[PDB]
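Below you'll find the structure, written out as structure tokens, and then a few comments.
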Amino acid sequence: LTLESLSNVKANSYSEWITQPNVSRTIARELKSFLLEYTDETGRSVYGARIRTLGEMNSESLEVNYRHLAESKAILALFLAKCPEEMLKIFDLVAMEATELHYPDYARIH
Amino acid sequence: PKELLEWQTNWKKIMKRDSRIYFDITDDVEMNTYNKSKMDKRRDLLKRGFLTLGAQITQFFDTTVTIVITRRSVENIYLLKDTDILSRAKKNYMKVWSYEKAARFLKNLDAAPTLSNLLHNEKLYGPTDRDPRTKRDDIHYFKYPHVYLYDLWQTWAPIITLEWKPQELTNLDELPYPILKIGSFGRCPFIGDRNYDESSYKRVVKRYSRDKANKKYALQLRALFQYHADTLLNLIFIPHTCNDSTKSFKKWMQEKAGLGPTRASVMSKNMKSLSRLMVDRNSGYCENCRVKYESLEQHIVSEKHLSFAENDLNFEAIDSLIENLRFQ
Amino acid sequence: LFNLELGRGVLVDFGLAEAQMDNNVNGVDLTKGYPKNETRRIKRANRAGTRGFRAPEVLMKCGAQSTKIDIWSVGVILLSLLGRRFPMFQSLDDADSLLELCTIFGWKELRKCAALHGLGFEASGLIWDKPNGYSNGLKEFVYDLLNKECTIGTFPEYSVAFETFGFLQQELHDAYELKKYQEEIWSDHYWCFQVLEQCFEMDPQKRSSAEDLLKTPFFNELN
Amino acid sequence: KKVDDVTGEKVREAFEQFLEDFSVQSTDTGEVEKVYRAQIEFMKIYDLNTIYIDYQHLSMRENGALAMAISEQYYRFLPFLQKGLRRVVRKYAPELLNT
Amino acid sequence: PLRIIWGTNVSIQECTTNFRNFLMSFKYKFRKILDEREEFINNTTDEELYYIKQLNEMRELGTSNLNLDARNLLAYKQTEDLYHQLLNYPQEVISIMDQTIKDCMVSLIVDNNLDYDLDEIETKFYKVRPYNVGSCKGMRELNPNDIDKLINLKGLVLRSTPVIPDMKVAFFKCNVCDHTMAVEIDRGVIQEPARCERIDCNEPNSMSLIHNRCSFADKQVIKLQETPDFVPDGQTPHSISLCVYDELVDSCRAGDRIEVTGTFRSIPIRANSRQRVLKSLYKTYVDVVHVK
Ligand SMILES: [Zn+2]
Ligand SMILES: [Zn+2]
């Protein structure tokens with residue numbers, strides 16, 4: 001689906017809208033795109049550097065700035081602000097798929 | 001065509017050593033999941049083909065990226081947000097290709113199994129009904145250090161198929177496979193000198209005693225071939241820095257002072273099942289009678305051998321040869 | 001049969017001799033393991049040699065068997081003479097002889113030799129000294145072969161077999177009539193190892209015939 | 001994902017080609033009529049449920065591989081034949097799909 | 001030294017060599033001398049190698065069976081032990097005989113350089129049928145120490161059950177991913193898989209048995225009315241049950257007088273259908289090897 005499709009919710013509530021399988025899948029795809037695409041004014045990918053360094057310290061914490069995601073994809077920011085548990089459950093898998101692109105064995109230890 | 005060929009070649013060189021390449025994931029059009037599997041397949045095929053050319057692919061977007069391939073249309077790049085990636089690409093002078101342009105680029109820059117073959121494979125290797133990737137049960141798989149003497153076509157038997165458990169190879173002295181431990185005193189290098197050592201004093205004494213006998217024998221050996229290989233003929237010998245048996249002896253004194261029968265290739269399942277049930281409690285093979293014998297002299301006195309001896313119709317060729325060799 | 005005081009030879013035992021006149025399927029990855037029950041046959045070779053002299057083509061049971069078992073065997077006799085070890089190849093069985101060829105020439109070298117014959121050989125684990133064999137060749141192998149039995153000190157005192165130790169020592173390290181004997185022995189003694197590497201070639205088609213062995217510069221004075 | 005049966009799918013392909021390709025010469029005139037498309041058309045107007053296939057017709061295809069595959073492993077290949085017939089009738093006479 | 005199968009006195013190597021020598025070097029004049037018939041020895045038939053020509057015509061005709069007379073083993077000197085080993089331990093000695101018959105079939109064209117291909121012969125599974133194993137002592141004069149021995153019996157066939165499929169290979173299919181495995185039977189027991197074999201699919205209890213894909217073999221039960229040579233005082237005739245397998249199915253018709261040589265077997269019988277409880281008193285039957 002599209003971001004404009006996610007702008008208009010078919011369900012009455014946000015809780016069962018994100019819970020829907022196709023909506024969850026396209027939200028996961030958009031979050032993976034957010035981690036892959038985003039870059040700073042300098043030009044380096046801040047999220048790639050964060051993933052590389054958290055793999056370096058073997059730590060499982062990812063620091064995602066909300067302002068970056070708001071200025072990149074605002075509908076996901078509203079979705080995360082209003083229904084945090086369901087968005088964070090998907091975005092955990094998104095972050096693991098992002099860090100799987102560099103370290104295949106990282107899913108084995110953590 | 002030649003100028004196009006050289007232009008494509010030197011652009012291949014430049015896109016090899018100075019191009020960072022990034023692929024896009026997001027889509028602008030609502031489209032089905034079963035068609036999304038098609039999108040995943042085309043992305044994976046173009047990935048493996050571009051790996052086949054040998055270009056290294058980085059997963060993350062960056063400012064060092066040169067050419068971007070996207071699924072979204074080339075027409076829409078003008079009418080998008082600043083925060084979108086295509087605006088960043090056109091700002092930083094990056095070339096953007098769609099699958100139409102990229103597939104045209106890849107093609108411009110470069111059998112059915114049939115039913116009878118499938119049924120023939122069905123007869124030999126069983127069903128194709130299961131998952132091919134999973135380990136089939138009635139075929140052994142190696143988990144231990146092995147040697148596997150097989151053939152590619154697999155028409156002939158996997159010839160010598162043998163692995164060892166770590167408990168068997170634990171010993172550093174006896175090993176099932178040969179090791180090059182060399183040795184000394186004319187012995188074979190693989191067995192070595194495990195039984196006894198040549199550094200002992202008594203062994204040195206017996207070797208020196210045999211050496212005394214060998215001097216006279218070795219003198220003619222040196223003298224015959226000193227200058228000529230043939231007998232077309234006092235001796236000169238090269239000094240050596242390395243030690244000797246006599247100097248070591250001197251140092252020790254200073255310290256002191258079946259043909260067999262051919263058998264079938266394949267064995268039976270009941271025969272292999274009987275190997276697990278076995279516990280503990282001059283000779284040769286005659287090919288004329290094609291039997292094993294405990295002793296030769298008992299095989300001489302036997303009805304089949306004596307009946308073979310009295311017959312002369314099986315040495316007829318021999319007989320003809322005898323006759324020829326009589327009047328040569 | 002060879003007689004020293006006359007210096008000539010003769011051959012017997014032609015009792016085992018004879019004369020000769022002349023892709024991918026999905027699944028069933030047999031390259032990682034053998035079936036538990038065997039139904040396919042084993043190729044009926046002409047395996048009839050003596051232990052330790054059987055050609056590597058004979059070890060792998062080539063259906064079209066050439067003439068060139070004998071030339072590799074005379075190479076083996078040459079290497080035993082130069083190596084000063086008599087029973088140099090001893091085989092408990094066939095695969096023992098395959099590993100015996102592996103520990104001198106290398107796993108990779110015999111895999112390439114196996115490739116032309118149509119069969120692939122894999123060895124997993126198998127700890128030994130030289131992981132890829134000797135890339136230089138047979139020089140360093142016969143070098144430390146003599147070094148062990150020399151430093152032990154059981155070797156006899158005759159300088160008939162000490163010229164090779166000095167010779168091989170200067171290759172691995174790197175009276176006027178004495179210097180003449182030097183340069184002559186140095187030249188043709190380098191030549192015999194040189195002709196030995198072509199005498200030990202794995203591929204029979206690349207392996208030169210005995211007539212080519214006669215016209216080598218090593219055998220000049222007998223002509 | 002479910003694992004597919006490559007020989008089963010090719011039996012299905014061969015059967016669905018047989019259902020639309022096979023033909024005989026007319027006895028009275030000599031025209032070339034494809035008898036199984038005619039059978040499907042006959043089922044279309046009477047709403048029949050059963051298609052009758054002569055085995056000698058099936059044996060003429062290839063060198064006999066398809067008929068032998070159907071003969072030895074009929075139980076294994078029967079649903080594949082059913083879905084092949086389903087595809088052929090969908091392509092030709094879709095009104096038999098609904099009922 | 002020499003290895004012996006546990007519970008027996010049988011060596012595979014020794015029995016193989018002895019039977020190979022017997023097959024290579026038997027003449028029917030030995031059977032003439034053993035039966036005390038010297039005046040009936042003739043040159044043209046007795047002095048010919050019996051089993052050599054029988055295996056040759058076995059090769060020409062495509063026959064996969066050798067009919068072996070056990071008295072011929074007593075005729076040969078080296079196999080007089082093997083004869084007893086055939087009577088006491090048929091189960092493995094017959095397998096030894098089949099394996100060395102296959103070896104002999106290979107050898108007769110390897111040594112003599114025939115034009116027959118080795119692939120067809122080594123694909124074939126040759127099996128032996130011993131017969132004339134001894135005196136025809138009665139069923140009711142046998143003892144539990146005679147279990148799994150070779151026995152020869154007279155009889156009249158009264159009836160036979162229809163062809164019974166006994167299941168040799170089992171075919172299991174996954175319900176969710178349609179992954180299948182085939183498991184061989186092992187002494188009458190088939191191990192059904194608890195988990196799916198696939199790495200991707202490991203669902204528990206997802207394997208179901210498909211009864212028509214799994215391979216079966218023929219088994220028939222024949223009721224035989226025995227006619228012993230010796231009948232004890234007031235012994236009233238009985239019927240035995242004899243089980244024939246594979247090729248021997250439907251070879252005996254109702255009402256024929258036959259010579260059954262087979263293996264004396266005993267199995268426990270379940271007391272109830274729902275329970276796995278077995279009866280301590282065993283049911284005896286004959287596992288038929290050869291029918292004359
Ligand atoms: Zn003999
Ligand atoms: Zn499964």
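Here, A, B, ... name the chains of the structure tokens in the order displayed, residue numbers run from 1 inside each chain, and ligands are numbered from 1 in the same displayed order.
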
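Non-sequential neighbours of residue 47 in chain A (distance at most 10 Å, separation of 4 or more positions within a chain, only C-alpha atoms) are residues 34, 35, 36, 37, 38, 39, 40, 51, 52, 53, 62, 63, 64, 65 and 98 of chain A; 60 and 61 of chain B.
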
Pick out the chain A residues within 8 Å of chain B. Count only C-alpha atoms. Give them as a compact mmCIF listing (two decimals) with N, CA and C atoms, in the first residue's frame.
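Dumped everything to part.txt:
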```txt
# COMPACT_ATOMS: atom_id res chain seq x y z
N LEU A 1 0.83 -1.20 0.00
CA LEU A 1 0.00 0.00 0.00
C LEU A 1 0.87 1.25 0.00
N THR A 2 0.24 2.41 0.17
CA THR A 2 0.92 3.69 0.12
C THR A 2 0.77 4.43 1.44
N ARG A 29 7.13 -2.34 6.09
CA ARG A 29 7.89 -1.96 4.90
C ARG A 29 8.28 -0.48 4.94
N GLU A 30 7.35 0.39 5.35
CA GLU A 30 7.66 1.82 5.43
C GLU A 30 8.69 2.11 6.51
N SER A 33 12.01 1.07 5.17
CA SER A 33 12.44 2.12 4.24
C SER A 33 12.94 3.34 4.99
N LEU A 36 16.43 2.52 6.14
CA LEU A 36 17.39 2.40 5.05
C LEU A 36 17.68 3.74 4.38
N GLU A 37 16.65 4.54 4.12
CA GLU A 37 16.77 5.75 3.31
C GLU A 37 17.38 6.93 4.04
N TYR A 38 17.07 7.13 5.32
CA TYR A 38 17.24 8.44 5.95
C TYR A 38 18.71 8.83 6.07
N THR A 39 18.98 10.11 5.82
CA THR A 39 20.32 10.67 5.87
C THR A 39 20.25 12.09 6.41
N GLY A 43 25.24 14.08 4.93
CA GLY A 43 25.14 13.10 3.88
C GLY A 43 25.29 11.67 4.35
N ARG A 44 25.89 11.45 5.51
CA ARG A 44 26.02 10.10 6.05
C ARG A 44 24.69 9.62 6.62
N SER A 45 24.43 8.33 6.46
CA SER A 45 23.23 7.73 7.02
C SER A 45 23.40 7.59 8.53
N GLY A 48 22.31 3.97 9.73
CA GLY A 48 23.32 2.97 9.43
C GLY A 48 24.49 3.03 10.39
N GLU A 71 9.46 14.31 10.33
CA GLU A 71 9.72 15.05 9.11
C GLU A 71 9.87 14.15 7.89
N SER A 72 10.10 12.85 8.09
CA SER A 72 10.18 11.92 6.97
C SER A 72 8.81 11.35 6.61
N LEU A 101 20.89 -7.09 7.91
CA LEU A 101 21.53 -6.78 6.64
C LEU A 101 23.04 -6.71 6.76
```

Of D:22, D:51, D:60, D:3, the one nearest to chain E when counting only C-alpha atoms is D:3

Using only C-alpha atoms, I'd like a table of the residues in chain B that come within 12 Å of chain E; for each, show the closest atom pair and its distance in Å rounded to one decimal, ordered by chain and ascending number, as a tab-separated table.
```
residue	atom	partner	partner_atom	distance
B:124	CA	E:123	CA	11.5
B:126	CA	E:182	CA	9.7
B:127	CA	E:180	CA	9.3
B:128	CA	E:180	CA	9.8
B:129	CA	E:180	CA	6.9
B:130	CA	E:179	CA	4.9
B:131	CA	E:179	CA	6.1
B:132	CA	E:179	CA	9.8
B:133	CA	E:198	CA	8.6
B:134	CA	E:198	CA	6.0
B:135	CA	E:197	CA	8.4
B:136	CA	E:181	CA	8.3
B:137	CA	E:181	CA	8.1
B:138	CA	E:183	CA	8.9
B:155	CA	E:119	CA	10.6
B:156	CA	E:119	CA	10.4
B:157	CA	E:119	CA	11.8
B:259	CA	E:111	CA	11.9
B:260	CA	E:17	CA	11.3
B:261	CA	E:107	CA	7.9
B:262	CA	E:107	CA	5.8
B:263	CA	E:103	CA	4.5
B:264	CA	E:103	CA	4.6
B:265	CA	E:122	CA	7.3
B:266	CA	E:122	CA	6.9
B:267	CA	E:99	CA	7.1
B:268	CA	E:99	CA	7.0
B:269	CA	E:95	CA	9.5
B:270	CA	E:95	CA	6.7
B:271	CA	E:95	CA	6.8
B:272	CA	E:95	CA	10.5
B:273	CA	E:92	CA	9.8
B:274	CA	E:5	CA	7.4
B:275	CA	E:5	CA	8.2
B:276	CA	E:5	CA	8.6
B:277	CA	E:5	CA	5.2
B:278	CA	E:5	CA	4.1
B:279	CA	E:4	CA	5.2
B:280	CA	E:3	CA	4.6
B:281	CA	E:4	CA	6.1
B:284	CA	E:17	CA	11.9
B:285	CA	E:21	CA	10.7
B:286	CA	E:21	CA	10.7
B:287	CA	E:111	CA	9.0
B:288	CA	E:111	CA	10.5
B:289	CA	E:24	CA	7.4
B:290	CA	E:24	CA	7.0
B:291	CA	E:21	CA	5.4
B:292	CA	E:21	CA	7.1
B:293	CA	E:21	CA	9.0
B:294	CA	E:17	CA	10.8
B:299	CA	E:21	CA	11.6
B:302	CA	E:25	CA	9.9
B:303	CA	E:25	CA	8.7
B:304	CA	E:25	CA	6.6
B:305	CA	E:25	CA	9.6
B:307	CA	E:47	CA	9.4
B:308	CA	E:25	CA	11.4
```

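Here is the contact set of chain D against chain E, at 12 Å and counting only C-alpha atoms: residues 1, 2, 3, 4, 5, 72, 73, 74, 75, 76 and 77 of chain D.
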
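For the pair CA of residue 86 in chain B and CA of residue 72 in chain B, the interatomic distance is 9.7 Å.
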
How would you write, as a VMD selection string, the set of residues in chain D that DSSP gives as helix (DSSP H, G or I)? chain D and resid 6 to 21 35 to 46 55 to 59 65 to 72 74 to 92 95 to 98

Which polymer residues have any atom within 8 Å of an atom of range 135-140 of chain E, counting only C-alpha atoms, with same-chain residues fewer than 6 positions away left out, as an NGL selection string? :E and (151-154 or 228-231)

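Residue list for chain C within 12 Å of chain E: residues 38, 39, 40, 41, 42, 43, 44, 45 and 46 of chain C, counting only C-alpha atoms.
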
Quick one: pick out all strand (DSSP E or B) residues within chain D from a backbone DSSP run and write them as a compact mmCIF listing (two decimals) with N, CA, C and O atoms, in the first residue's frame.
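Below you can see states.txt, which holds the result:
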```
# COMPACT_ATOMS: atom_id res chain seq x y z
N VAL D 24 -9.21 -36.82 -33.85
CA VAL D 24 -9.27 -37.98 -34.73
C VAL D 24 -9.90 -37.55 -36.05
O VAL D 24 -10.55 -36.51 -36.15
N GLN D 25 -9.69 -38.37 -37.07
CA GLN D 25 -10.29 -38.14 -38.38
C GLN D 25 -11.70 -38.69 -38.42
O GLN D 25 -11.98 -39.77 -37.88
N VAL D 32 -11.38 -33.14 -39.02
CA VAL D 32 -10.55 -33.29 -37.83
C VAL D 32 -11.31 -32.68 -36.66
O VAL D 32 -11.36 -31.46 -36.51
N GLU D 33 -11.91 -33.53 -35.84
CA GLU D 33 -12.66 -33.08 -34.67
C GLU D 33 -11.87 -33.42 -33.41
O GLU D 33 -11.32 -34.51 -33.27
```

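Between CA of residue 67 in chain B and CA of residue 12 in chain B the interatomic distance comes to 13.5 Å.
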
Report as a PyMOL selection string all protein, DNA and RNA residues lying within 10 Å of residue 117 in chain C, evaluated on only C-alpha atoms, omitting residues in the same chain fewer than 4 positions from it. (chain B and resi 151-152) or (chain C and resi 57+60-63+111-113+203)

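Here CA of residue 8 in chain C and CA of residue 229 in chain B stand 10.5 Å from one another.
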
Give as JSON, numbers by chain every residue of chain B that touches chain C within 7 Å, counting only C-alpha atoms. {"B": [132, 133, 138, 139, 140, 141, 142, 145, 146, 147, 148, 149, 150, 151, 152, 155, 156, 157, 158, 159, 160, 177, 178, 179, 180, 182, 183, 184, 185, 186, 187, 188, 189, 198, 199, 211, 222, 230, 237, 238, 243, 244, 245, 265, 266]}

Nearest to residue 157 in chain E, chosen from E:251, E:266, E:225, E:88, with only C-alpha atoms counted in the distances: E:225

Which polymer residues have any atom within 9 Å of an atom of residue 255 in chain E, counting only C-alpha atoms, with same-chain residues fewer than 6 positions away left out, as an NGL selection string? :E and (156-159)
